[PDB]
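First comes the structure, then the notes that go with it.
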Amino acid sequence: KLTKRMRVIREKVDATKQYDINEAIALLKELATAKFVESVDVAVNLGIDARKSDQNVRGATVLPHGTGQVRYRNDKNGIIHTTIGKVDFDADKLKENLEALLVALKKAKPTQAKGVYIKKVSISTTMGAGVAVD
RNA sequence: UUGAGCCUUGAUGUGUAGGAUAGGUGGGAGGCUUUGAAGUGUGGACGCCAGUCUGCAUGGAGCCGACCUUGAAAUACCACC
Numbered sequence: 094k095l096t097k098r099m100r101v102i103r104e105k106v107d108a109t110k111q112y113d114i115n116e117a118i119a120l121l122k123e124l125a126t127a128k129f130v131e132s133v134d135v136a137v138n139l140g141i142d143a144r145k146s147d148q149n150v151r152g153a154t155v156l157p158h159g160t161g162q163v164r165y166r167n168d169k170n171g172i173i174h175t176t177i178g179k180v181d182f183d184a185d186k187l188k189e190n191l192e193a194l195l196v197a198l199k200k201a202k203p204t205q206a207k208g209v210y211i212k213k214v215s216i217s218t219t220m221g222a223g224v225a226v227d
């Protein structure tokens, strides 16, 4: 299945560990080893029911460092995806992007949402491995 | 032993347009390749038997992304599932 590069992408990052917000921003430099400039996509598994139309989260947040206001909306399962800019942006720069997104999701808390909201926040680059933040 | 929760990993998913036994969504267009390649001998899993996956290796270093038909993009690539 996997090959020379794709194995090392999962060997560098410990899958069975949820890193801190100060750790995932700098570790993603090892994953991006492409010719071009990649971008970081954020996967947030919202604790909402996608089969209920009254709990849909829809909105847009302003990225302090651009890519650059982005738009987002969850799928028919519960996980919402949006980018927070390029990978060549500094680690502290992506720190500002990620925290502004997390507050934005909490600024659109559904009224009928019963349960813990996020329970897992994960980010990944274009050639990135599974990296979750606290 | 035999069931279930669950970690890692790996496969699975053809109304119909159709080169795809392509679920939604999604970031980006290079990955791939001599940390030993396309095609094939032959064997296994799966199988709605349509066509994917895949052990060894002669061989021996090439394959392929937006492009095109689609409501959707190409497990070339990854992430959440």
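Using the working numbering, the first residue of the first sequence is number 94, and each one after it goes up by one. For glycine and all other residues, C-beta sits at the position ideal for the given N, C-alpha and C.
Quick one, which of the options has its alpha-carbon nearest residue i's?
{"i": "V209", "options": "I141, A201, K188", "result": "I141"}
{"i": "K202", "options": "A184, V150, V155", "result": "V150"}
{"i": "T175", "options": "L198, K128, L124, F182", "result": "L198"}
{"i": "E123", "options": "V106, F129, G159, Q162", "result": "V106"}
Alpha carbon to alpha carbon, how far is residue j from residue i? Give it in angstroms, no decimals.
{"i": "residue 65", "j": "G152", "result": "For the chain, the structure presents residues 94 to 227; residue 65 sits outside this window and is missing."}
{"i": "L195", "j": "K207", "result": "18 Å"}
{"i": "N167", "j": "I216", "result": "16 Å"}
{"i": "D147", "j": "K94", "result": "42 Å"}
{"i": "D113", "j": "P157", "result": "21 Å"}
{"i": "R103", "j": "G223", "result": "8 Å"}
{"i": "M99", "j": "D183", "result": "24 Å"}
{"i": "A117", "j": "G221", "result": "11 Å"}
{"i": "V133", "j": "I172", "result": "16 Å"}
Check the DSSP bridge columns for residue i and list the partner residues they point to.
{"i": "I216", "result": "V135, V224"}
{"i": "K179", "result": "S132"}
Cβ atoms of residue j and residue i: under 7 Å apart, would you say?
{"i": "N190", "j": "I177", "result": "yes"}
{"i": "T218", "j": "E131", "result": "yes"}
{"i": "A143", "j": "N170", "result": "yes"}
{"i": "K213", "j": "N138", "result": "yes"}
{"i": "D227", "j": "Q111", "result": "yes"}
For residue i, I'd like the list of residues in its chain whose CB is within less than 8 Å of its CB, leaving aside the five on either flank, ordered along the chain.
{"i": "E192", "result": "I114"}
Go through its chain and collect everything with a Cβ distance to residue i's Cβ below 7 Å, but skip five positions before and after it.
{"i": "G161", "result": "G178"}
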